[PDB]
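For reference, the structure discussed in these notes is given below.
There are 4 protein chains.
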Amino acid sequence: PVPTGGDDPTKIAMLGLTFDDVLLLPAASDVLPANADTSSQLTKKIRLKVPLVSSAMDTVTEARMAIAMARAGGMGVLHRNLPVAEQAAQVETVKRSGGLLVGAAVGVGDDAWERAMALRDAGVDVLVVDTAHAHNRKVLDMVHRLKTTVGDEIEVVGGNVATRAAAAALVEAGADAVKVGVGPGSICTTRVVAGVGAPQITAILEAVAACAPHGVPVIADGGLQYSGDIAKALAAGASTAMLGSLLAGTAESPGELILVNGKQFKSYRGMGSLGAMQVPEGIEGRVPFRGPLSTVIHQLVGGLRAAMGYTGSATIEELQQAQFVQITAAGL
Amino acid sequence: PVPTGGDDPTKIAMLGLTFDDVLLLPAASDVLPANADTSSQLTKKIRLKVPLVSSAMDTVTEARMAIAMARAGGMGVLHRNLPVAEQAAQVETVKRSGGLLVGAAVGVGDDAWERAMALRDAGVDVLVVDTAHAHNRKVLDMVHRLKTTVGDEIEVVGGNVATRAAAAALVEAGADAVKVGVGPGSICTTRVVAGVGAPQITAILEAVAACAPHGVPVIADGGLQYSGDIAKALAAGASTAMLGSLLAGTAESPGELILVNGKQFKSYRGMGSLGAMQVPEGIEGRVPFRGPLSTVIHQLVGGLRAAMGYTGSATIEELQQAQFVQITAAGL
Amino acid sequence: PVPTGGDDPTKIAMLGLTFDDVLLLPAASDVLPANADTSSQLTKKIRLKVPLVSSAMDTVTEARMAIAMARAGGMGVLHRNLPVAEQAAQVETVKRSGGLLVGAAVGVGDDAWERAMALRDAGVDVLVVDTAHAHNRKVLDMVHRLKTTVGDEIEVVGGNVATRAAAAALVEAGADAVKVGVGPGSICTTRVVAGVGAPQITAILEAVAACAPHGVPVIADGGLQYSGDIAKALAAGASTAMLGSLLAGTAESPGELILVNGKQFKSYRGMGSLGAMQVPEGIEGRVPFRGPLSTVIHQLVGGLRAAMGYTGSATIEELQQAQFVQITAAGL
Amino acid sequence: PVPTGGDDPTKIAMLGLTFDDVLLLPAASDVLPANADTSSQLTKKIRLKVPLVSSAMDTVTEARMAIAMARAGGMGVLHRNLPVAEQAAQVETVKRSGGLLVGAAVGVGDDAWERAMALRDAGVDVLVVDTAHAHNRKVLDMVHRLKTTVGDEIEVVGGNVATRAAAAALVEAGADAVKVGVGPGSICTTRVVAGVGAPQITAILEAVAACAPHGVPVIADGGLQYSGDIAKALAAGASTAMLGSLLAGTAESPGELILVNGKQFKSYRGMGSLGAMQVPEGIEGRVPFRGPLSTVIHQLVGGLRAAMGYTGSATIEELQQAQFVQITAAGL
Ligand SMILES: O=C(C1CCCCC1)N1CCN(S(=O)(=O)c2cccc3cnccc23)CC1
Ligand SMILES: O=C(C1CCCCC1)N1CCN(S(=O)(=O)c2cccc3cnccc23)CC1
Ligand SMILES: O=C(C1CCCCC1)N1CCN(S(=O)(=O)c2cccc3cnccc23)CC1
Ligand SMILES: O=C(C1CCCCC1)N1CCN(S(=O)(=O)c2cccc3cnccc23)CC1
Ligand SMILES: O=c1[nH]cnc2c1ncn2[C@@H]1O[C@H](COP(=O)(O)O)[C@@H](O)[C@H]1O
Ligand SMILES: O=c1[nH]cnc2c1ncn2[C@@H]1O[C@H](COP(=O)(O)O)[C@@H](O)[C@H]1O
Ligand SMILES: O=c1[nH]cnc2c1ncn2[C@@H]1O[C@H](COP(=O)(O)O)[C@@H](O)[C@H]1O
Ligand SMILES: O=c1[nH]cnc2c1ncn2[C@@H]1O[C@H](COP(=O)(O)O)[C@@H](O)[C@H]1O
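Structure below.
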């Protein structure tokens, strides 16, 4: 019998590693952190100066965040928990502030196609087909329909996935980037409510095995707690990281300042929380107030630059080839 | 020598996984959670609408709980810590409330046979031969005697087991379902008192390897803390889950409301606790008050439906074929 | 290279398991706990009714404890942190209370031989050559000299060891029992002071591999926190367990009652603590007051009997053949 | 696919062990702790009486610490966070106190060469090329230039490294000792800021595999919390240990006494902390006040002597050949 039970070796398919399970190994380097090139592909056509995008959540990204992210060299993805006209108006607002990149989330419901076209009319650069489980005919069809209809002018992101097969299906459907993360978010309760999830280092490694041979970039979405996790996500093969919790405490995020026990916080809630939907798969929580976005991004990029120095990675493409050491429980 | 000591590779027979050690992997899906079929075999003949049964404990299941469980599409198993006439009267009470399924626990003591016949006379549908260790001639004989005597009209459950050999012995004795769980209960101290136990994912996988080829359903009993654990238990191959702690805080469970530190609780105690027996293998504890049973069951089934959506499982039989990823300590 | 570093596979010699790493697996059983035979060899010639002996520590075993242990069916080992005449007087005191077995500790210093002879004159049954590291010529010589001089009338225990080679050396020197435990004691700081130790399940398995083929019993000494650990120690192949912390809180142990924060305690200190020696390898601590020894022993034996029921072990010799499942961090 | 994800077995290059992951196994011994020889090579030419050196940090080592360390039989490495003239004056101060060994840190900036020559003029014995990542042409060139210019009179240490390849490069450049530790320091945030690091037992094992065949000693730098960790570091193959946190609380370290909550502390800060640089990779913290250095060193050496007794190591060279057992999470 299999050592963990039963007679089927495939029943437990893999050992899933998360960010805390690994560290980047130093390697021969003549790269100064200040001189590293942090640019990376968000999609097949769109390259960002900083490999970071903000989550499509209503306590993270509206027009103010999207503008600040683009100015910092990344991009915002506008959330879709609002009327079509209002989302498209936020797209226009971002475009009014110069030649700034912006993305926007759409679902696969019956209002989704109309939402997508209105966003297109407003001048959006990236449409994100925004689901918790992309390995589904309705999601794949939406990605494909969008790519064939507006694909010349707009890049189409599909997600989320956590397996190689799912990433492969999105590639076949025509996705310009594949977003990875089922279960890892800081406000996520999918693991305890549904018992479903996939540790994010292993999910990225698997998704990249399907996407990289087709020249399709992977966006690592969820579970990033520290700037060092961004370096780990990219070294596992992702091309960008999408951040929720790490940006939710910034001045530019939606929501007001909250004072509890003499300390400052902002509300941060899952799009699957009871509040956002009003069976919940997210919580409503708090994150410490962090000040201006520009400063948070500077600290995050700073940690990434340090990782590039330690690993001898002159570019993000080189960082994607770095090696890990796996650590034990004691290592934490 | 064996890496963990000695010269005998069989001394440490297996690596035992519990619920927290695994997550369900998403798979290709065209299943909507609302449309998933949650029905499953409790026994060879009896199929439930919801794959959940309440524990035969005196702080979990008497007539009120049994009626509410059956109305919710599951079933109650009436505890046996009371006189024969009173248990049989609870069976009659459940039957007075319509065509509701009900089960009842019996032991293997010398009063057990008389208890079983009185329950039969009262119209019980399921007899549960209710022990902490079923791999024992007296237990196997009781299962067999019951099956040969009342088996045409009543389904006979045997338990508990934690090994493949034990499950196989119950199958041979004629059990209509095999109940799995030695040591995993939330109020259990068997692990620290006797040093005995078996992590429940591995126990289910092993029991199912003996039971499934004979068409005998497995009931996963104990250690379930979250709705996601129900999905994991079924994916490991169980057909139903038996719940104690998760239902002990409901309005329909026996016992009164307790207020401590401004919060509401109900008493929840092991049938092996000093109180229930009045060498203890259970504690007397508290669980948070949860409100009506119907609402708890709705939340639990909701999480199960989400898991079925993520895994592409249209039925419980399909969910039994889902795959796991094993996670590390950091993953918790 | 070796996965954990370097080029030498023997540098990290084994994976060491402690009690918390394993559980006993249930097995086919027709053993009632009340009818199990708990007798076991303390030494080649001496069989105890209960397989438990009290530690040779000055907060655990003086005459009162030794008498109570023998009456309970086990044995006490009198500590040696006192003058020779006083230790021998405690031996006489135990013998005055009927035909009770008693042991006594000796070191390997230059006063050790005289201590041993005085204990012999006083009628001791067991001499324990009592060291932290028995794999040493001076210790082996002391064991051998004792066995050749007083071996017809007195059984000679040697310890402590944690490796197969060390246990083998004691067997060759003529030990009648081998005591296992380097580093596992509850009050031990050897692991953090010296960085030395050996997880106790693996140490027992290794020692037993050297001792059992020569008919020499193993005493598991240290690290036992629960009655279930006694069952685990014996199933790993030990014949008896030596208890310090679990007995230090009893009425019969030396020392007075201590009240802190409204709760009752007794002092419990390592023989390697600064206080006992007045570079420390033990701490001075507290254990909860537990009441009479007889009651503690009854609870401990109760847990052992339960384990024998679950595993189908009619005797301690059968329990030594039981199997384990290894558990994960989540299992704790 | 690889069990942890992707198709590349080299992506996760190793399983990294830290000090808490292992224990030293006892072995046959006729070594008394008091008689063990604790001397060891700091560099190819310089042997210390005690195998300990103090960190080049401005809350650990200035002239007072360096003098006390040398008197205790070890050595201090003077920090370089001060003007060249002042560092060289501290070297002179140490030399004024007798024939005491002293080292001093230099960087690889454009002021580094002038700093090195001024230290040479002041009579320093050891120059430590002091970086966070030595596998870099500028660092290797500095080591080589120093060795070829002042190598007859001064020993040249290079560091830090965490891989076999990096240690090999320093050996080739002419280093007289290689210092190991990237990420393990108690005040380090490199692991969370950059996601970079290497568990220290594995790092030492790897570095030693490159250095020992060339007769180059390894200094284990960082992560040592207990005296037992010193024994583990040396048994992994290091020849000396460099201590920061363990010495930062001593009377001889720079800084004043701090009283918080009725207890005494001293400030201890990373050289990568915001305070020391005024993207931080260290924190500013506190350590308990420990009293005189001589006493701390005596306790540390005491633990080392105990380890040498347990392992039968008469010399540090013998201790370098000792074996480990790997422990589990439960073992902690
Ligand atoms: O559509 C579903 C699933 C229902 C069950 C069957 C599969 C689909 N939702 C479940 C909850 N999410 S969410 O807001 O919590 C969510 C949104 C973005 C990404 C996430 C990744 N992992 C976990 C949750 C995620 C939104 C809707
Ligand atoms: O009959 C026994 C054993 C005595 C020792 C030898 C084997 C049988 N009992 C032990 C305690 N249990 S219990 O109430 O705690 C209990 C009841 C349902 C299932 C459980 C599963 N695992 C653990 C305990 C369980 C009832 C009686
Ligand atoms: O003789 C020694 C060692 C000194 C270093 C070299 C090897 C021998 N002692 C060390 C401390 N112990 S102790 O009291 O702490 C002690 C006593 C019984 C058993 C124990 C098992 N593991 C750990 C400590 C133990 C007594 C003397
Ligand atoms: O030069 C660098 C790196 C910048 C990023 C690219 C590689 C080099 N520094 C980073 C921080 N350190 S430190 O003070 O924190 C430091 C100093 C001694 C040893 C250490 C070992 N591990 C971690 C930190 C260490 C000083 C400068
Ligand atoms: O309610 C929720 N439950 C689970 N995941 C969510 C929810 N809302 C958003 N997410 C995902 O979690 C990401 C943010 O993760 P974080 O950066 O760890 O906080 C988001 O980009 C989503 O992919
Ligand atoms: O006293 C006890 N000790 C150990 N297990 C018990 C005891 N009483 C009931 N059980 C079992 O634990 C199950 C409930 O587990 P729970 O849902 O985790 O609380 C019950 O259905 C029994 O199988
Ligand atoms: O000071 C000490 N340091 C380490 N081990 C000790 C010391 N004193 C006694 N021991 C051992 O620890 C055993 C008791 O362990 P315990 O039952 O876990 O408390 C004793 O029988 C000794 O073998
Ligand atoms: O700011 C820092 N961040 C990371 N490592 C540092 C820093 N400052 C000094 N170190 C290293 O950590 C060692 C001290 O580690 P410790 O003994 O565990 O406190 C020092 O000798 C340095 O190698």
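Top to bottom, those sequences are chains A, B, C and D. Positions 14 to 291, 316 to 369 (the entry's author numbering) are the ones given, in order, by the first sequence. Positions 14 to 291, 316 to 369 (the entry's author numbering) are the ones given, in order, by the second sequence. Positions 14 to 291, 316 to 369 (the entry's author numbering) are the ones given, in order, by the third sequence. Positions 14 to 291, 316 to 369 (the entry's author numbering) are the ones given, in order, by the fourth sequence. Think of the CB as a built atom: it goes at the ideal place given N, C-alpha and C, for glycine as much as any other residue.
For B/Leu55, which residues from the same chain have a beta carbon less than 6 Å from its beta carbon, with the 5 sequence-adjacent residues on both sides left out?
-> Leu61 and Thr253
DSSP three-state assignment for A/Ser280, whether helix, strand or coil = In the structure shown, A/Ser280 sits in a strand (DSSP, three-state: E or B).
Verify whether the separation of the beta carbon atoms of B/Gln291 and B/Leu30 is less than 8 Å.
-> At the C-beta level, B/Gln291 and B/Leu30 stay beyond 8 Å of one another.
Between the stretch 317–331 of chain D and the stretch 340–353 of chain D, do at least 3 Cβ pairs fall closer than 8 Å?
-> no
Taking the continuous beta strand (DSSP E) assigned at B/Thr253, which residues delimit it?
-> Secondary structure note for B/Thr253: its beta strand (DSSP E) is the uninterrupted segment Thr253 to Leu256.
Measuring only between beta-carbons, confirm whether C/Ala254 sits less than 8 Å from chain B.
-> no
Under 7 Å Cβ-Cβ, which residues of chain B neighbour A/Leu28?
-> Per Cβ cutoff of 7 Å: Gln363.
Report the rounded CA-to-CA distance for A/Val205 versus B/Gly235, giving the unit in angstroms.
-> 17 Å
Status (buried if at least 16 other CB within 10 Å, exposed otherwise) for B/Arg150 = With a threshold of 16 other beta carbon atoms within 10 Å, B/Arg150 falls short and is exposed.
Where DSSP assigns a beta bridge to C/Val169, which residues make up the other side?
-> C/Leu140
Measure the Cβ-Cβ separation of C/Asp33 and B/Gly208 and say whether it is below 8 Å.
-> Taking 8 Å as the Cβ cut-off, C/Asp33 and B/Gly208 do not qualify as a contacting pair.
Would you mind listing the beta strand (DSSP E) stretches within the stretch 187–272 of chain C that are 3+ residues and don't spill past its ends, in chain order?
-> 190–193, 231–234 and 253–256
Compare the C-beta of A/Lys160 with all C-beta atoms of chain D and state if any pair is closer than 8 Å.
-> No - not a single Cβ of chain D is within 8 Å of the one on A/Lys160.
Residues, ordered as in the chain, of the stretch 223–241 of chain A that lie near chain D by beta-carbon distance below 9 Å | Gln238, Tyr239, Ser240 and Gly241
CB-CB length for A/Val152 against A/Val121, believed under 8 Å | 5 Å
Proximity test, Cβ basis, 8 Å: C/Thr17 and chain D | It does; some Cβ of chain D falls within 8 Å.
Beta-carbon contacts of C/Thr72 that lie in its chain and below 8 Å, excluding the five residues immediately before and after = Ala261, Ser266, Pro267, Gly268, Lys279, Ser280, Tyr281 and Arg282
Where do the N-terminal and C-terminal ends of the beta strand (DSSP E) with B/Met27 fall, by residue?
-> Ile25 to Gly29
For D/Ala216, which residues of its own chain have a beta-carbon under 6 Å away from its beta-carbon, when the five flanking residues on both sides are left out?
-> Within the same chain, D/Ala216 has close Cβ partners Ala175 and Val193.
Alpha-carbon to alpha-carbon, D/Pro46 and D/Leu38 | 16 Å
For B/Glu318, which residues in chain C fall below 8 Å Cβ to Cβ?
-> Within chain C, the residues near B/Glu318 are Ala343.
Reference A/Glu219; option with closest CA among A/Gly250, A/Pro197 and A/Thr202 = A/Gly250
Under 8 Å from the C-beta of A/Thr215: neighbouring residues of chain D | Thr17 and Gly18
In chain C, which residues lie less than 7 Å from D/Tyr347 when you measure between Cβ atoms?
-> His146, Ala207 and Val209
Could you check what DSSP says for D/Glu75 in three-state terms: helix, strand or coil?
-> Of the three classes helix, strand and coil, the one that applies to D/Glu75 here is coil, per DSSP.
Determine, using beta carbons only, whether A/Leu183 comes closer than 8 Å to chain D.
-> no
Beta-carbon neighbours of B/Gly340, restricted to chain A and to distances below 7 Å = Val206, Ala207 and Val316
From C/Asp189 to C/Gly171, what distance separates their C-alpha atoms?
-> 8 Å
Tell me, to the nearest whole angstrom, how far the beta carbon of A/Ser67 is from that of A/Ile353; I am working on the premise that it is less than 8 Å.
-> At roughly 18 Å, the Cβ-Cβ gap does not stay under 8 Å, so A/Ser67 and A/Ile353 are not in contact.
Near-chain B residues of the stretch 30–43 of chain C - C-beta to any C-beta below 9 Å | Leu30, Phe32, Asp34, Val35, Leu36, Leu37, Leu38, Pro39, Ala40, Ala41, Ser42 and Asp43
From this set, A/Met70, A/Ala83, A/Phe326 and A/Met82, which residue's C-alpha is nearest A/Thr144's C-alpha?
-> Checking every option, the nearest Cα to that of A/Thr144 belongs to A/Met70.
According to DSSP, is B/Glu318 helix, strand or coil?
-> coil
Is it the case that the CB of B/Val193 approaches a heavy atom of ligand 1 more closely than 7 Å?
-> no
Using a Cβ cut-off of 8 Å (strictly closer), state whether A/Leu95 contacts chain B.
-> No, A/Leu95 lies away from the interface with chain B (no Cβ there is under 8 Å from its Cβ).
For C/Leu91, which option in C/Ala131, C/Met78 and C/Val15 has the closest C-alpha, if you only look at C-alpha atoms?
-> C/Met78
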